[PDB]
Amino acid sequence: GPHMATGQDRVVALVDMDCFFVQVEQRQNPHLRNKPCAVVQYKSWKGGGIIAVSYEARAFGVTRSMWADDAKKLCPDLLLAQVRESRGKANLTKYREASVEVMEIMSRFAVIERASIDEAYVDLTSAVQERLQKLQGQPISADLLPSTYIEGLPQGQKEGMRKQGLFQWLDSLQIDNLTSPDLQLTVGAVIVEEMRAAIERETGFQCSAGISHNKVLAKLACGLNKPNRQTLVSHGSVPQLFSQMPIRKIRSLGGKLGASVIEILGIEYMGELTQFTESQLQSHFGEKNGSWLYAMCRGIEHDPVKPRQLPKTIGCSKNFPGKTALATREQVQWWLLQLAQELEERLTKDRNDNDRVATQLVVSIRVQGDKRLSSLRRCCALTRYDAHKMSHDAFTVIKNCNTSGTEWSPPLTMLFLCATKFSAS
DNA sequence: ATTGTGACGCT
Ligand SMILES: Nc1nc2c(ncn2[C@H]2C[C@H](O)[C@@H](COP(=O)(O)NP(=O)(O)OP(=O)(O)O)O2)c(=O)[nH]1
Ligand SMILES: [Mg+2]
Ligand SMILES: [Mg+2]
C-alpha cells in the first residue's frame, strides 16, 4: 500500500532520430528529400546492404538488412545513398559528426547518456522541477504539446484522435500538486517538445521521443508513434500497454533471455510476468534478471541515466566474407594497416576534441568456418597514436593463430581493432 | 555474402 514505491521519482526521456542516416543524406542532397530512399554500405554484392530507410520507402516494405537489389524489387523508384568508403572500408564519419551536432543541442537542456549514434537518454527531473516552479500553478495548454501522444488515450483521423487523447489527459490533470507524477511527465513532455524543436531548427533533422519514468519505458514509448512524434507513457497506462506487449519488445528481452522467459513461464506478454513472485523469477533467470523482471512488468526500472555523451570505445571493423577472406600474410598486414590508419585518424581527433587518450588496443579476429562472431579477442598496450605501430602490435598479438608452415590459415573473415580504457589528457 | 559498430554481463 503506502510503502510500495512505484518508480515514479524520475522523469526520463529517450530521443531517437527518424531514419537518421537518410536524414543526414537528405540534408546534404535536397534531391532525396520526401522520396523513397535508403542508405547502403557497399554496392557490388546485390547493390549493397541497407542500414537506414525513409518512411516513404518503408511503406513499400523496405527494411534494414535488405540487399538493395531486393529492395528495388519491392520499390523500383528507391533512391540510394552510399556510405563513404576510405582505405577500402565503410567510413561512418559523417554520421558520427551529425550525431555530435544533435547531442550538443540535447546537452543544453539536461545531462544526456548517448545510447547510440542516433539516440540519447535525458534525465529531466530537475528541469521539470524548475519549470513547475516557474509556471506558478499555471495549467498546461495543448498548444504546448503539438506533437505529443498520450498512450492509452482516448478511452471511453490521427491528428483528431491524438488531440482527443491529449485533451482527455489535460482535463484530468491536478495542476496544483507540484508532486503528482503525471503532472511531472506532462511538464517533461513540454520540455521535450522544446528540445525537438531546437534539434530541428538547428540541424534540420526530425526525431521522436518517449517520455516516461525510466529508460525502458521511455525507449518503448519513443517507438510507439514514430516518425516526428513524441509519446508520454504514464505509470497508469502500463497495465493496459503491457497486457498485449510481446515480451521481445522490451529492451534486452529481444533475444535468448526473452525466449527462455516465454518458454519456461509459458507466457507471451509483458503483463503476464506480474503473476510470478520475485523469487520465482530469480530462480529461473538469476537474481539480477529476476529482480529486474519483477519490477519491469509493473513499469518500474531503476537504471540511471548515466552522464556520458561520448563513446567509451573507438573501433574499426571489417568483414571479409567467403572468397575474399584474408589468406596470406601480406593481406592481413595491409588490412590491419588500413584499420589502424582509420583508427588513428579517429583517435587523434578524439584527443583534440575531448581531452583524453585511449590506453588499451583490442584486436579481434574471426576465422573462416568458425561459428562465433568473434574467434579471438586479445588486448595489448596502446602507447602511441601511430597506425604502423598499432597494426604491427595487432599482428604480433594474433600471429599465433596462423597454422601455415607466407600463407594464412584458416583464412580470416573479420578484422577488428578497438581502442578502449580512456584516460584524461 | 546484413555489416559496422558499441554497451554491458559473466566468470
Ligand atoms: N553500420 C550500421 N549502421 C547501422 C546499422 N543499423 C542501424 N545503423 C545506423 C543507420 C541508422 O540511421 C542509425 C540509427 O539506427 P536506428 O535508430 O535503429 N534507425 P533509424 O534512425 O534509421 O530509424 P528510426 O526512425 O526507426 O529510428 O544507425 C547497422 O547494422 N550497421
Ligand atoms: Mg533512429
Ligand atoms: Mg536509434
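What you see below is based on every heavy atom in this structure, not just the backbone, and it leaves out hydrogens, waters and symmetry mates. Here is the naming used below: chain letters follow the sequence lines, and residue numbers restart at 1 for every chain.
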Qualifying ring pair (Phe, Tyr, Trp, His ring centres under 6.0 Å) pairs, either residue in residues 287-314 of chain A, two or more places apart: none
Residues which pass side-chain hydrogen bond (donor to acceptor under 3.5 Å, both in side chains) with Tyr42(A), listed by chain and number, not counting sequence neighbours: none
Atom-pair distance (CG on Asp70(A); P on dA1(B)), nearest Å: 16 Å
Base versus backbone protein contacts along nucleotides 4-11 of chain B [heavy-atom cut-off under 4.0 Å; B, S, -]: SBSSSSS-
Pairs flagged by ring pair (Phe, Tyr, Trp, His ring centres under 6.0 Å) wherever residues 238-278 of chain A is involved - sequence neighbours left out: none
Sugar-phosphate only, base, or nothing, as touched by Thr324(A) at under 4.0 Å among non-hydrogen atoms: base
Return all side-chain donor-acceptor pairs below 3.5 angstrom for residues 360-367 of chain A, not counting sequence neighbours, or 'none' if the list is empty.
residue, atom, partner, partner atom, Å
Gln360(A), OE1, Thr420(A), OG1, 3.2
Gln360(A), OE1, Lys421(A), NZ, 2.9
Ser364(A), OG, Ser374(A), OG, 3.1
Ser364(A), OG, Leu376(A), O, 3.4
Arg366(A), NE, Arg372(A), O, 2.7
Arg366(A), NH2, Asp370(A), O, 2.8
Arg366(A), NH2, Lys371(A), O, 3.0
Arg366(A), NH2, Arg372(A), O, 3.3

Pairs under 3.5 angstrom only: tabulate donor-acceptor contacts from the side chains of residues 392-399 of chain A to other protein residues two or more places apart or in another chain.
residue, atom, partner, partner atom, Å
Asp393(A), OD2, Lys389(A), NZ, 3.3
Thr396(A), OG1, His392(A), O, 3.3

